[PDB]
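A.B. asks: Everything below, folded, please.
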Amino acid sequence: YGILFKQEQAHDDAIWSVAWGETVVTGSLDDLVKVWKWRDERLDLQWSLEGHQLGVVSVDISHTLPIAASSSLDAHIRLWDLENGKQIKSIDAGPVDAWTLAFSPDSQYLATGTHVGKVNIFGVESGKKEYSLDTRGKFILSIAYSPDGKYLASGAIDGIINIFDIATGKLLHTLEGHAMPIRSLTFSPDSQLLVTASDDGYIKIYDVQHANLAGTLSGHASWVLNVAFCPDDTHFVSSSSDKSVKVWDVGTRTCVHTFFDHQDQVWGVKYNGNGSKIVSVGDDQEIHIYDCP
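C.D. replies: Numbering: from 1, shown residues only. Right below this line is the structure:
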């Protein structure tokens, strides 16, 4: 493991979210969505996407199509054409009704968490709200689709996690788990495990089928801001307010590596397509790319 490339001043304010598709997409409070090309060991900026009127909260990239989606504090979601750097369309989510974004496995739907306790599912082609999942709870700070397309999970500001059945729209389970905010959750590539991160500094691992807690990892000294899975289905990576990025072994439930070369909160981490690179972004406005064996 090791630091491979650093882009200083990637953005002009905090970068809260990043997605890896060759192509890295970053969302920042400076209002911009930037598209970066990872090629021959280098990162180089391709597009600077203007349109949002206020800071960007979340971004995602479609798995099948060359598009990215951003949500912003300006109450809009924008879809972006990655091939030519232009905006496809802009959707009025509503005031604080658009926090974190995620494309569905097939990129026909885009889900967003709301301040009112709902997960709003938007249609990529139609631009309209196609349906809503209701937790009946509190500010939803994280959402995740299970790769297999069977489930959606949402983590709330008061520590409640909800697992929905995406084909019936019914709430299948509601977990107490944490009592602090859950700013990130992610399903594993085989859709069997659900890993959740929390302000309490603990990462919790749930089996999805039985819905029970499998383990808890200590290792972050402050808020866990992000968790993301390695394609090889065994590793995941976490980032935190404590300025560190950690790589974990799902099987042994232990830390394999920590990177400390960030000087502020690290908000975003993802593995690339073959799990040989990790990208990290945060408050220090830098993009780091790490090499993995």
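
A.B. asks: OK, contacts around the closest residue in space to residue 21 that isn't next to it in sequence?
C.D. replies: Closest residue to residue 21 apart from its sequence neighbours, by Cβ to Cβ, 6 or more residues apart in numbering: residue 61 at 4.1 Å. Heads up, the C-betas are built off the backbone N, CA and C, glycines and all. By Cβ atoms under 8 Å, 6 or more residues apart in numbering, the contact list for residue 61 reads 19-21, 23, 25, 67-69, 82, 103.

A.B. asks: and of those, the nearest to residue 256?
C.D. replies: If you rank those by distance to residue 256 using Cβ to Cβ, residue 20 comes first, at 19.8 Å.

A.B. asks: How about the contacts made by the spatially closest residue to residue 63 that is not a sequence neighbour?
C.D. replies: Excluding the flanking residues, the one nearest residue 63 by Cβ to Cβ, 6+ apart is residue 107, at 6.1 Å. Taking Cβ under 8 Å, 6+ apart, we find residue 107 in contact with 62-65, 67, 124.

A.B. asks: again, only this time at 6 Å
C.D. replies: If you count contacts by Cβ atoms under 6 Å, 6 or more residues apart in numbering, residue 107 has them with 62, 64-65.

A.B. asks: Residue 127 too?
C.D. replies: Applying Cβ under 6 Å, 6+ apart, the residues near residue 127 are 89, 91.

A.B. asks: Could you count how many residues lie near residue 260?
C.D. replies: Residue 260 is flanked by 9 other residues according to other Cβ atoms under 10 Å.

A.B. asks: got the phi/psi numbers for it?
C.D. replies: phi -110, psi 10 (degrees, to the nearest 10).

A.B. asks: measure it to residue 3 for me?
C.D. replies: Separation of residue 260 from residue 3 (Cβ to Cβ, to the nearest Å) stands at 10 Å.

A.B. asks: What of residue 273?
C.D. replies: Taken as Cβ to Cβ, the span from residue 273 to residue 3 is 20 Å.

A.B. asks: cool, residue 263 as well?
C.D. replies: 14 Å.
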